[PDB]
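Only one structure is covered here, and it is reproduced in the block below.
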């Protein structure tokens with residue numbers, strides 16, 4: 001448990017790990033609102049929440065049943081949560097276009113409810129995601145917030161070293177990743193995340209669902225990994241609000257001009 | 001310890017982990033010859049040996065004192081070892097050009113003493129290596145041997161996901177890596193190697209020096225990691241001959257055409 005803000009840390013972040021109810025945005029957004037309040041009371045300045053949490057992780061049903069107007073309304077409620085609980089908020093909804101044109105996105109809003117960055121998931125996972133969404137085509141955004149450079153990726157993205165390297169090449173120091181990882185994929189948090197942190201010298205935070213949802217069983221295992229590859233904090237399979245204080249040469253040495261020809 | 005060749009394995013490899021004496025190729029090549037004999041007696045078909053073992057890991061002294069003729073003579077002795085001990089052999093010497101033009105290389109010779117592949121280290125580590133050698137400019141080779149596709153990288157190369165991805169993109173299934181890792185860099189074998197295996201679905205074998213050598217202290221920790229990221233065999237800090245039987249979709253999903261623009 002967090003404590004007084006520590007000497008030599010100036011950024012405290014929180015990660016929401018919980019089950020969502022498919023197709024029930026009232027319930028799911030109330031859950032994000034509750035977590036945002038609790039995170040703010042514990043002195044966190046940012047809350048990271050999981051992939052597609054607002055509608056639950058149900059790609060085919062989002063495609064078939066969730067309108068652009070319904071997506072927009074949840075987006076508006078989330079902006080309202082960041083503002084009314086006074087905390088930066090990173091969430092993940094379908095994009096704003098029609099059901100057959102939109103992707104999976106993540107957005108960061110500041111403690112005023114204003115969206116600072118939006119990113120569209122580039123690496124879609126499995127046939128259901130690829131059937132329900134259009135892959136993104138743009139590199140991850142990087143922006144100054146709270147004293148360092150933040151970036152966004154979504155779930156399967158982080159499993160490609162190229163995606164994390166793309167953020168780090170643009171200056172990212174802290175990469176925030178809404179996720180929905182099911183099926184006891186231990187190698188992702190256990191093996192891949194630590195390497196993505198070490199091999200770029202960066203911190204990543206990964207906020208998952210947990211528990212029965214939409215036919216799948218989510219792993220939980222939300223975690224913040226620092227540049228040495230070690231967890232600064234982590235959850236197991238139970239729902240929880242993880243709160244972590246962040247403390248105050250591969251990227252130069254890599255022969256990028258050769259690498260880009262060899263992929 | 002190895003045992004009878006197991007049902008459902010058809011490739012047994014060996015990794016030599018030992019200290020080298022700087023500037024004493026008679027001593028060091030006799031050590032490789034001894035290991036090659038022992039590996040062959042244990043039924044291994046290939047022996048992997050460490051980076052710059054023949055002259056010891058002493059970049060500045062190789063540059064200043066070791067002639068192209070001396071390098072060629074060690075190369076000839078190594079070819080003779082592969083032939084006379086009847087075992088494929090992967091070694092690492094300076095390249096064949098003059099001291100100011102050559103790089104660090106790795107070569108694979110078959111059990112007849114014929115060199116099948118040569119590769120020049122692309123990612124040089126630290127100011128001493130960059131002062132003593134020219135970086136390679138070519139992607140890692142990939143070739144059929146013993147029933148699968150083999151490739152070569154050297155030491156620091158493997159710490160760049162781009163280098164391993166370059167081999168895997170050309171079809172590599174088993175990547176063999178002469179190394180010289182000193183200074184208790186646990187994150188390399190502990191964190192990076194398992195990820196390089198998982199994120200490409202490949203096996204890597206990493207053969208290090210161990211013990212006091214040329215001013216440094218080598219970690220040992222030679223290891224073979226399989227596609228799930230788990231060690232199939234490993235050594236600690238003491239000298240040893242590691243013998244491992246190998247048993248009988250990131251690479252498709254990666255959006256390479258976007259990634260190459262984002263590095």
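A short reminder: the numbers here are calculations on the coordinates, not readings from a lab. Positions of Cβ are generated from backbone atoms using ideal geometry, with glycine treated the same way; all protein chains shown enter the neighbour counts.
Based on the reciprocal of the average 1/r between different C-alpha atoms, the Kirkwood radius for chain A equals 18.2 Å. Take residue A:64, push a point 7 Å out from Cα through the beta-carbon direction, and compare it with the same point in every other copy: 7.5 nm, smallest first.
Where in the range A:16-32 does the amide nitrogen come within less than 20 Å of the point 7 Å from the Cα of residue A:73, taken along Cα to Cβ? Residues A:20-32 qualify, since their backbone N sits under 20 Å from the label point.
Report summary: the helix-based calculation at 222 nm, which adds -39500 (n - 2.57) for every DSSP H run with n ≥ 4 and divides by the residues of the protein assembly as shown, gives -8500 deg cm²/dmol. Cα centroids of the range B:100-139 and the range A:105-136: 43 Å apart. If you plug the beta carbon distance of residue A:230 and residue B:115 into 1/(1 + (r/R0)^6) with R0 = 35 Å, you get a FRET efficiency near 0.25. Using only the Cα atoms of the range A:1-138, build the gyration tensor, take square roots of its eigenvalues as a ≥ b ≥ c, and label the shape rounded, prolate or oblate: rounded if a/c is under 1.5, else prolate if a/b is larger than b/c, else oblate. Taking the square roots of the gyration eigenvalues as a ≥ b ≥ c, the range A:1-138 is prolate. The other copies place their residue A:112 label points at 7.5 nm from this one, listed shortest first, where each point is 7 Å from Cα along Cα→Cβ.
For residue A:236, the label point sits 7 Å beyond Cα toward Cβ; its separations from the matching points on the remaining copies run 3.0 nm, from shortest to longest.
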